[PDB]
Every structure is written in structure tokens, then in C-alpha cells.
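**Q** Data: query.txt, compact mmCIF, C-alpha atoms.
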```txt
# COMPACT_ATOMS: atom_id res chain seq x y z
CA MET J 1 108.06 158.27 40.99
CA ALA J 2 106.60 155.06 39.55
CA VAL J 3 108.52 154.73 36.29
CA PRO J 4 111.01 151.91 36.98
CA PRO J 5 113.31 150.32 34.37
CA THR J 6 110.70 148.10 32.73
CA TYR J 7 111.08 149.19 29.11
CA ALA J 8 111.64 145.54 28.20
CA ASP J 9 108.49 144.56 30.09
CA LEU J 10 106.74 144.03 26.75
CA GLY J 11 107.47 141.27 24.25
CA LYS J 12 111.23 141.02 23.86
CA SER J 13 111.25 138.22 21.28
CA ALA J 14 109.90 140.57 18.61
CA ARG J 15 112.93 142.76 19.34
CA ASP J 16 115.30 139.78 19.41
CA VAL J 17 115.21 139.77 15.60
CA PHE J 18 117.07 143.08 15.82
CA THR J 19 120.16 141.01 16.65
CA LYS J 20 120.19 140.04 12.97
CA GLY J 21 121.36 143.53 12.05
CA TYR J 22 122.68 144.73 15.40
CA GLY J 23 126.35 144.43 14.49
CA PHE J 24 126.74 140.94 15.93
CA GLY J 25 130.13 140.48 17.56
CA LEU J 26 131.45 143.33 19.70
CA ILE J 27 132.49 144.44 23.19
CA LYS J 28 130.10 145.88 25.77
CA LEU J 29 130.97 147.73 28.98
CA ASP J 30 128.21 148.02 31.58
CA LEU J 31 128.47 149.24 35.17
CA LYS J 32 126.52 150.86 38.01
CA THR J 33 122.80 150.32 38.56
CA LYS J 34 119.45 152.13 38.59
CA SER J 35 117.50 150.67 41.51
CA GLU J 36 119.14 151.94 44.70
CA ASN J 37 118.56 153.84 47.95
CA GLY J 38 118.83 157.54 47.17
CA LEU J 39 120.35 158.25 43.76
CA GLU J 40 120.77 156.09 40.66
CA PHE J 41 123.47 155.62 38.02
CA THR J 42 123.57 153.53 34.85
CA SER J 43 126.71 153.16 32.72
CA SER J 44 126.61 151.32 29.39
CA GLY J 45 128.92 151.36 26.39
CA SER J 46 130.48 149.36 23.56
CA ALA J 47 133.66 149.08 21.50
CA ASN J 48 135.41 147.03 18.82
CA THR J 49 138.58 146.68 16.74
CA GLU J 50 138.07 149.49 14.21
CA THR J 51 139.49 152.85 13.13
CA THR J 52 137.50 154.73 15.77
CA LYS J 53 137.37 155.47 19.50
CA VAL J 54 135.30 153.51 22.02
CA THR J 55 131.67 154.37 22.74
CA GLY J 56 130.06 154.81 26.14
CA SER J 57 127.10 156.42 27.89
CA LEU J 58 126.83 157.56 31.51
CA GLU J 59 123.41 158.38 32.96
CA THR J 60 123.11 159.98 36.40
CA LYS J 61 119.76 160.10 38.19
CA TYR J 62 119.63 162.65 41.01
CA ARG J 63 116.43 163.63 42.82
CA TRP J 64 115.54 165.74 45.86
CA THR J 65 113.10 165.29 48.74
CA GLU J 66 112.05 168.92 49.24
CA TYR J 67 109.34 169.41 46.63
CA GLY J 68 109.09 166.77 43.92
CA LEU J 69 111.53 167.27 41.05
CA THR J 70 113.86 164.70 39.51
CA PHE J 71 117.03 165.81 37.73
CA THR J 72 118.54 163.27 35.33
CA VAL J 73 121.88 164.20 33.77
CA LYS J 74 123.28 161.84 31.14
CA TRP J 75 126.67 162.56 29.57
CA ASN J 76 129.32 160.60 27.69
CA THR J 77 130.49 159.77 24.16
CA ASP J 78 127.88 158.41 21.76
CA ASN J 79 125.45 159.23 18.95
CA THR J 80 123.41 161.21 21.48
CA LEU J 81 123.21 161.87 25.22
CA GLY J 82 120.92 164.81 25.90
CA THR J 83 119.29 164.95 29.32
CA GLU J 84 116.12 164.21 31.30
CA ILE J 85 114.08 165.79 34.09
CA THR J 86 110.97 164.50 35.85
CA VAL J 87 108.33 167.05 36.84
CA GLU J 88 104.80 166.96 38.24
CA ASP J 89 102.04 169.40 37.30
CA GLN J 90 99.87 169.32 40.42
CA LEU J 91 99.65 165.76 41.75
CA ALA J 92 102.65 163.47 41.26
CA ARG J 93 100.54 160.46 42.23
CA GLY J 94 98.31 159.56 39.29
CA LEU J 95 99.72 162.01 36.75
CA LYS J 96 103.41 162.73 36.12
CA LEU J 97 105.29 164.56 33.37
CA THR J 98 108.73 163.21 32.48
CA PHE J 99 110.78 165.47 30.21
CA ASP J 100 112.94 163.37 27.88
CA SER J 101 115.63 165.63 26.43
CA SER J 102 117.27 162.67 24.68
CA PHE J 103 117.88 162.86 20.93
CA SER J 104 117.21 159.18 20.27
CA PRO J 105 116.31 159.68 16.58
CA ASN J 106 119.66 160.89 15.26
CA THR J 107 118.75 162.66 12.02
CA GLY J 108 120.35 166.09 12.31
CA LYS J 109 117.99 168.30 14.30
CA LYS J 110 116.90 169.23 17.83
CA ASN J 111 114.76 166.19 18.66
CA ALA J 112 112.82 166.18 21.93
CA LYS J 113 110.50 163.83 23.82
CA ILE J 114 108.06 164.30 26.70
CA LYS J 115 106.24 161.54 28.59
CA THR J 116 102.91 162.28 30.27
CA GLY J 117 100.88 159.82 32.32
CA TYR J 118 101.26 157.16 35.00
CA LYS J 119 103.37 154.00 34.80
CA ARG J 120 103.73 151.04 37.15
CA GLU J 121 104.98 147.44 37.06
CA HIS J 122 101.46 146.44 38.08
CA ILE J 123 99.81 148.73 35.53
CA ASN J 124 101.07 151.26 32.99
CA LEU J 125 98.85 153.83 31.26
CA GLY J 126 99.59 157.15 29.59
CA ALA J 127 100.76 158.97 26.47
CA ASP J 128 104.01 160.45 25.17
CA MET J 129 104.61 163.49 22.97
CA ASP J 130 107.80 163.49 20.90
CA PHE J 131 108.98 165.28 17.76
CA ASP J 132 111.72 167.34 16.12
CA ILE J 133 110.58 170.96 15.93
CA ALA J 134 107.08 171.00 14.44
CA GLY J 135 103.97 170.01 16.36
CA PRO J 136 104.56 167.37 19.06
CA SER J 137 103.49 163.85 18.13
CA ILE J 138 101.43 162.39 20.98
CA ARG J 139 100.87 158.64 21.24
CA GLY J 140 98.72 156.62 23.62
CA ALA J 141 100.05 153.53 25.37
CA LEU J 142 98.79 151.18 28.08
CA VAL J 143 100.46 147.98 29.28
CA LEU J 144 98.68 145.84 31.87
CA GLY J 145 98.22 142.16 32.68
CA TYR J 146 95.60 140.26 34.65
CA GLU J 147 95.63 136.88 36.39
CA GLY J 148 96.86 134.60 33.62
CA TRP J 149 96.17 137.28 31.02
CA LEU J 150 97.80 140.23 29.25
CA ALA J 151 96.57 143.38 27.51
CA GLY J 152 98.49 146.08 25.66
CA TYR J 153 97.16 149.05 23.71
CA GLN J 154 99.13 151.51 21.57
CA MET J 155 97.48 154.24 19.50
CA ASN J 156 97.49 158.03 19.12
CA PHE J 157 93.70 158.13 19.40
CA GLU J 158 93.63 161.57 17.76
CA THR J 159 89.91 161.16 17.12
CA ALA J 160 87.28 161.66 19.82
CA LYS J 161 84.60 159.09 19.03
CA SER J 162 85.10 158.13 15.38
CA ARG J 163 87.25 155.05 14.80
CA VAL J 164 90.75 155.65 13.42
CA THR J 165 92.66 153.20 11.23
CA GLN J 166 96.02 154.16 12.73
CA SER J 167 95.86 152.12 15.94
CA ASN J 168 98.06 149.30 17.23
CA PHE J 169 96.58 146.71 19.59
CA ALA J 170 98.06 143.73 21.43
CA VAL J 171 96.22 140.84 23.08
CA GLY J 172 98.02 138.58 25.54
CA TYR J 173 96.73 135.22 26.74
CA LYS J 174 98.55 133.44 29.57
CA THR J 175 97.23 129.88 29.76
CA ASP J 176 98.03 127.26 32.40
CA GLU J 177 101.10 125.94 30.58
CA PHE J 178 100.88 127.88 27.32
CA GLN J 179 101.80 131.49 26.54
CA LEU J 180 100.04 132.99 23.52
CA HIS J 181 100.12 136.75 22.93
CA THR J 182 99.40 138.39 19.57
CA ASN J 183 99.21 141.98 18.33
CA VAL J 184 98.58 144.06 15.21
CA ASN J 185 99.99 147.44 14.18
CA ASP J 186 97.57 149.75 12.36
CA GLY J 187 95.73 146.62 11.27
CA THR J 188 98.58 146.08 8.81
CA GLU J 189 101.54 144.60 10.69
CA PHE J 190 100.86 141.06 11.90
CA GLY J 191 102.69 140.26 15.12
CA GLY J 192 102.49 137.06 17.14
CA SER J 193 104.63 135.74 19.99
CA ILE J 194 104.22 132.63 22.13
CA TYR J 195 106.16 130.84 24.87
CA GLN J 196 106.17 127.27 26.16
CA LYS J 197 108.15 125.13 28.61
CA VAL J 198 109.67 121.76 27.71
CA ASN J 199 111.80 120.51 30.61
CA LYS J 200 112.18 121.59 34.23
CA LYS J 201 115.43 123.32 33.26
CA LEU J 202 114.61 124.14 29.63
CA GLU J 203 112.01 126.09 27.65
CA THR J 204 111.25 127.04 24.05
CA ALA J 205 109.74 130.16 22.47
CA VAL J 206 108.35 131.16 19.07
CA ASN J 207 108.06 134.55 17.37
CA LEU J 208 106.09 135.01 14.15
CA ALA J 209 105.53 138.47 12.67
CA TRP J 210 104.84 139.46 9.06
CA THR J 211 104.05 142.70 7.24
CA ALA J 212 101.56 143.68 4.54
CA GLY J 213 104.16 142.99 1.87
CA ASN J 214 107.64 144.21 2.79
CA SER J 215 111.15 143.00 3.64
CA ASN J 216 110.50 143.55 7.35
CA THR J 217 109.81 139.83 7.79
CA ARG J 218 109.98 138.80 11.45
CA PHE J 219 109.21 135.08 11.56
CA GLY J 220 111.28 132.54 13.47
CA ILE J 221 111.73 130.43 16.60
CA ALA J 222 113.69 131.07 19.80
CA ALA J 223 115.05 128.99 22.67
CA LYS J 224 115.49 129.47 26.42
CA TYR J 225 117.51 127.71 29.12
CA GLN J 226 117.90 128.58 32.80
CA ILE J 227 120.29 125.96 34.20
CA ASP J 228 120.74 128.22 37.22
CA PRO J 229 118.55 130.74 39.10
CA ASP J 230 121.06 133.57 38.74
CA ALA J 231 122.36 132.52 35.32
CA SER J 232 120.36 132.75 32.09
CA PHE J 233 120.73 131.28 28.60
CA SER J 234 118.82 131.75 25.34
CA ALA J 235 119.02 131.22 21.58
CA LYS J 236 117.41 132.08 18.25
CA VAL J 237 116.90 130.36 14.89
CA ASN J 238 115.17 131.48 11.70
CA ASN J 239 114.85 130.48 8.04
CA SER J 240 118.10 132.40 7.52
CA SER J 241 119.75 129.46 9.30
CA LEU J 242 121.40 131.73 11.86
CA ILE J 243 122.36 130.02 15.12
CA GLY J 244 122.16 132.62 17.87
CA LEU J 245 122.93 132.09 21.55
CA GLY J 246 123.08 134.34 24.61
CA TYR J 247 124.46 133.44 28.02
CA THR J 248 124.63 135.53 31.19
CA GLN J 249 125.85 134.54 34.65
CA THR J 250 127.28 136.17 37.78
CA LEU J 251 130.76 135.78 39.28
CA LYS J 252 130.19 135.71 43.04
CA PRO J 253 130.45 139.14 44.73
CA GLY J 254 128.35 141.04 42.21
CA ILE J 255 130.18 141.44 38.90
CA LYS J 256 128.10 139.82 36.16
CA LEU J 257 129.41 138.42 32.87
CA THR J 258 127.36 138.17 29.67
CA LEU J 259 128.62 136.10 26.74
CA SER J 260 127.08 135.97 23.27
CA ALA J 261 127.59 133.73 20.24
CA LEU J 262 126.18 133.99 16.71
CA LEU J 263 126.71 131.64 13.77
CA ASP J 264 125.54 132.93 10.39
CA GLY J 265 125.61 131.08 7.08
CA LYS J 266 125.53 132.56 3.58
CA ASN J 267 127.51 132.73 0.34
CA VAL J 268 126.29 136.08 -0.98
CA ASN J 269 128.13 137.72 1.91
CA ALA J 270 131.15 136.95 4.09
CA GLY J 271 130.35 133.92 6.22
CA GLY J 272 131.79 132.98 9.59
CA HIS J 273 131.10 132.72 13.32
CA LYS J 274 131.12 135.75 15.62
CA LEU J 275 131.10 136.00 19.42
CA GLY J 276 130.07 138.96 21.56
CA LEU J 277 131.50 139.95 24.93
CA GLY J 278 129.59 141.96 27.51
CA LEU J 279 130.56 142.91 31.06
CA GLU J 280 128.27 144.18 33.82
CA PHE J 281 129.58 145.74 37.03
CA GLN J 282 126.55 146.48 39.21
CA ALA J 283 128.25 145.65 42.51
```
What do you get writing this file as C-alpha cells?
**A**
Amino acid sequence: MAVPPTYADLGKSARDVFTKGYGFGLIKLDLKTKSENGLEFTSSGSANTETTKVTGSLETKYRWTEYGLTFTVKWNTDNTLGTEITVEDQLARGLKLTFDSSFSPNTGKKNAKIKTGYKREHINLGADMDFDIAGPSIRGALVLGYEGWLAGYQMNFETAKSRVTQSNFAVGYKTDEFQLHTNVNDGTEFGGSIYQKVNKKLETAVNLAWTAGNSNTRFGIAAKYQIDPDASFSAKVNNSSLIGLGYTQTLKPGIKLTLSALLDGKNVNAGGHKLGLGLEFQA
């Protein structure tokens, strides 16, 4: 298997904006770990002071060394859990088929996803077919980066030779001391993210993304600070005037603690400062 936990390998800043409407201020319970000798286990959940029970998800990765099949059983209490199972057609090396029986898109049906291709921290290329019940929607994706450079393609490529409008592309440029990587979705969504370093123990980032005329605005600036090698700190600020901050450091033995702080400001809605608490027990 060559499909490690690198889902966040791509631009994270663009996703950072999600924090805006990600229910800022809540409790998070994380434990276990994926990377390990033999089997893997990842436990992640959340909870808050409301009129409902706590939420949690437990994923168990169990594989065998007799043929070449990976059995992933994920159970718990959340919007969806489903399951997953990795299988190889003929040659596992070069072409693998990961069955994603996870109902991510909670709408009210039997959603299903199936990944087909070859991934790798050094180079990822392949397509994925997901859908509800009707025909499976296949999409092409390829994430790879060269010496001081980056390249990412994402399109269904339904056509054979003719050019198709529906196609998302991303160009990354890693300069000596300047990070500039842009991307466009279906030649309609304008996305641009860059990163730069200020001090030896401080860095700043910027994320600018606009649409073709919608309320999906994604323009703003971010901050980064790594006072320590094990610890990590970051922040975010946009026209909304929202002061966001995220800290994460370890204890000593293994238990890691992640603290979050968000400060919004508006009159139309209820103003105030909120702080998030997240725990991680990997060791």
C-alpha cells in the first residue's frame, strides 16, 4: 500500500477559510494513530455543551500478509461511518483499487466511493469514482512536486482528445524564498495561495480566492509561527475582521494538546470571543 495519510498534502490555507463556518469553539477528542508497525487505528471525535450526546469516530485498519487485501472497519457515533477495504486487481504496485464505503455526503441515500490509481508522498496520480446510486462519477487527480516546483491537476477528462471546459488545474511555484502557487477550477473559480518567511521563528502566509460572482469569497491573509520544533502556531485574518489563532504542542511522553482561539466581530449577529479545545493521544 502507498496511500498514506496525506490528504492535507495540498493547499491547506484554502481550506482554512472553512473555520469561518466550522462551528468555532468546541471540544475535540483525538487518540490512537495511523502510521504504525502492523495495524493502524485512528480515533477522532467532538462534543459541546448542548442538548445532544457527544460525537466520535473510530477507524480500525487491519491488513493481512497472505495475499494482498486490506480490511478497514470504521465504527462509532457520527453523521456517517460506513467502511473501507483496499483491493488490488492484478498488480498492487502501480495500480490499486481502494473501496471507500464511507457515506461522506450525508443526503439521505446509499452513497459510495471507490478510489482507483496509485498514490505516493513523492508522486500521486489516479482517479476516483463516487456517487449515490446512478452512474459512478469518475474524476482525475494528480498531485506531484519537483525541485522547487509544484504541479496539481484535477479533472474528469471525460473526453478523449477534444478539450473540455470542466477541468480544474493548479500550478505551484516554489522559489528560493518565495512560495507562489495558484489554481483555477473549471476556468471559473480563481484560487491563489502564497507563503513567505519573515523571521527565523516566524512566517506569514496569504490566501486569495474569488469566484465568478458568488458569496463563496475566499480572500484573506494568514499567519504562522513555530517557536518550537514540536510545537506549532498559526493564525488567520480577513476583511471580516476575524482574529483566528491555532496552537498545538506536545506534553512530554506523547500526549499532544491543541488549543484554538477565535475572535469575531459583528453587530448583525451575536458577537464575542470563542476558544476551542482539542486533545490528541497518539502515545
**Q** Can I get the residues of segment 5-79 of chain J within 12 Å of segment 195-200 of chain J, each with the closest pair of atoms and their distance in Å to one decimal, using all atoms listed in the file, sorted chain first then ascending number, as CSV?
**A**
```
residue,atom,partner,partner_atom,distance
J:11,CA,J:195,CA,10.5
J:12,CA,J:195,CA,11.4
J:13,CA,J:195,CA,9.7
```
**Q** Using only C-alpha atoms, which residues sit within 12 Å of residue 228 of chain J once same-chain residues fewer than 2 positions away are excluded, as a VMD selection string?
**A** chain J and resid 200 to 202 225 to 226 230 to 233 247 to 250
**Q** Place a sphere of radius 10 Å on (102.3, 157.7, 30.5) in the file coordinates and name every protein, DNA or RNA residue with an atom inside or on its surface, counting all atoms listed in the file; give the answer as a list in words.
**A**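 Residues with an atom at most 10 Å from (102.3, 157.7, 30.5): residues 3, 94, 95, 96, 97, 98, 114, 115, 116, 117, 118, 119, 120, 124, 125, 126, 127, 128, 129, 139, 140, 141, 142 and 143 of chain J.
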**Q** Applying 12 Å and all atoms listed in the file, which residues near residue 211 of chain J remain after dropping the ones on its own chain fewer than 5 positions away? List them as a ChimeraX atom specification.
**A** /J:184-192,216-219
**Q** If I take atom CA of residue 51 of chain J and atom CA of residue 24 of chain J, how far is one from the other in Å, to one decimal?
**A**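 Taking atom CA of residue 51 of chain J and atom CA of residue 24 of chain J, their separation equals 17.7 Å.
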**Q** Kindly provide, as a CSV table (one decimal) with C-alpha atoms, in the coordinates of the input, the polymer residues lying within 10 Å of (122.3, 152.0, 32.2), counting all atoms listed in the file and using the coordinates exactly as they appear in the file.
**A**
```csv
chain,number,residue,atom,x,y,z
J,5,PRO,CA,113.3,150.3,34.4
J,30,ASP,CA,128.2,148.0,31.6
J,31,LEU,CA,128.5,149.2,35.2
J,32,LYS,CA,126.5,150.9,38.0
J,33,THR,CA,122.8,150.3,38.6
J,34,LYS,CA,119.4,152.1,38.6
J,40,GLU,CA,120.8,156.1,40.7
J,41,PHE,CA,123.5,155.6,38.0
J,42,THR,CA,123.6,153.5,34.8
J,43,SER,CA,126.7,153.2,32.7
J,44,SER,CA,126.6,151.3,29.4
J,45,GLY,CA,128.9,151.4,26.4
J,57,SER,CA,127.1,156.4,27.9
J,58,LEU,CA,126.8,157.6,31.5
J,59,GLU,CA,123.4,158.4,33.0
J,60,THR,CA,123.1,160.0,36.4
J,74,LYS,CA,123.3,161.8,31.1
J,280,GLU,CA,128.3,144.2,33.8
J,282,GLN,CA,126.6,146.5,39.2
```
**Q** With distances taken over all atoms listed in the file, which of J:265, J:78, J:101, J:133 is nearest to residue 52 of chain J?
**A**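 For residue 52 of chain J, the nearest of the given residues is J:78.
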**Q** Considering only C-alpha atoms, return as a PyMOL selection string whatever protein or nucleic-acid residues lie within 12 Å of residue 67 of chain J, sequence-local ones (same chain, fewer than 4 positions apart) excluded.
**A** chain J and resi 63+86-92
**Q** If we count only C-alpha atoms, what is near segment 104-107 of chain J at a cut-off of 10 Å, once residues fewer than 3 positions away on the same chain are taken out, given as a PDB file with C-alpha atoms, keeping the file's coordinate frame?
**A**
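In the end it all went to out-v4.pdb:
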```pdb
ATOM      1  CA  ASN J  79     125.450 159.230  18.950  1.00  0.00           C
ATOM      2  CA  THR J  80     123.410 161.210  21.480  1.00  0.00           C
ATOM      3  CA  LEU J  81     123.210 161.870  25.220  1.00  0.00           C
ATOM      4  CA  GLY J  82     120.920 164.810  25.900  1.00  0.00           C
ATOM      5  CA  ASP J 100     112.940 163.370  27.880  1.00  0.00           C
ATOM      6  CA  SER J 101     115.630 165.630  26.430  1.00  0.00           C
ATOM      7  CA  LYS J 110     116.900 169.230  17.830  1.00  0.00           C
ATOM      8  CA  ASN J 111     114.760 166.190  18.660  1.00  0.00           C
ATOM      9  CA  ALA J 112     112.820 166.180  21.930  1.00  0.00           C
ATOM     10  CA  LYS J 113     110.500 163.830  23.820  1.00  0.00           C
ATOM     11  CA  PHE J 131     108.980 165.280  17.760  1.00  0.00           C
ATOM     12  CA  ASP J 132     111.720 167.340  16.120  1.00  0.00           C
TER      13      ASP J 132
END
```
**Q** For atom CA of residue 147 of chain J and atom CA of residue 204 of chain J, quote the distance in Å rounded to one decimal.
**A**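 Going from atom CA of residue 147 of chain J over to atom CA of residue 204 of chain J covers 22.2 Å.
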**Q** Using only C-alpha atoms, which residues sit within 12 Å of residue 28 of chain J once same-chain residues fewer than 5 positions away are excluded, as a short mmCIF file (atom, residue, chain, number, x, y, z; two decimals) with C-alpha atoms, in the coordinates of the input?
**A**
```cif
data_model
loop_
_atom_site.label_atom_id
_atom_site.label_comp_id
_atom_site.auth_asym_id
_atom_site.auth_seq_id
_atom_site.Cartn_x
_atom_site.Cartn_y
_atom_site.Cartn_z
CA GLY J 23 126.35 144.43 14.49
CA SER J 43 126.71 153.16 32.72
CA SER J 44 126.61 151.32 29.39
CA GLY J 45 128.92 151.36 26.39
CA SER J 46 130.48 149.36 23.56
CA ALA J 47 133.66 149.08 21.50
CA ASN J 48 135.41 147.03 18.82
CA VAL J 54 135.30 153.51 22.02
CA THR J 55 131.67 154.37 22.74
CA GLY J 56 130.06 154.81 26.14
CA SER J 57 127.10 156.42 27.89
CA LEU J 257 129.41 138.42 32.87
CA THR J 258 127.36 138.17 29.67
CA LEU J 259 128.62 136.10 26.74
CA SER J 260 127.08 135.97 23.27
CA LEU J 275 131.10 136.00 19.42
CA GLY J 276 130.07 138.96 21.56
CA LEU J 277 131.50 139.95 24.93
CA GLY J 278 129.59 141.96 27.51
CA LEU J 279 130.56 142.91 31.06
CA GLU J 280 128.27 144.18 33.82
CA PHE J 281 129.58 145.74 37.03
#
```
**Q** For residue 72 of chain J, which residue out of J:84, J:158, J:16, J:9 is the nearest one, using all atoms listed in the file?
**A** J:84
**Q** Between atom CA of residue 262 of chain J and atom CA of residue 8 of chain J, what is the distance, to one decimal in Å?
**A** 21.8 Å
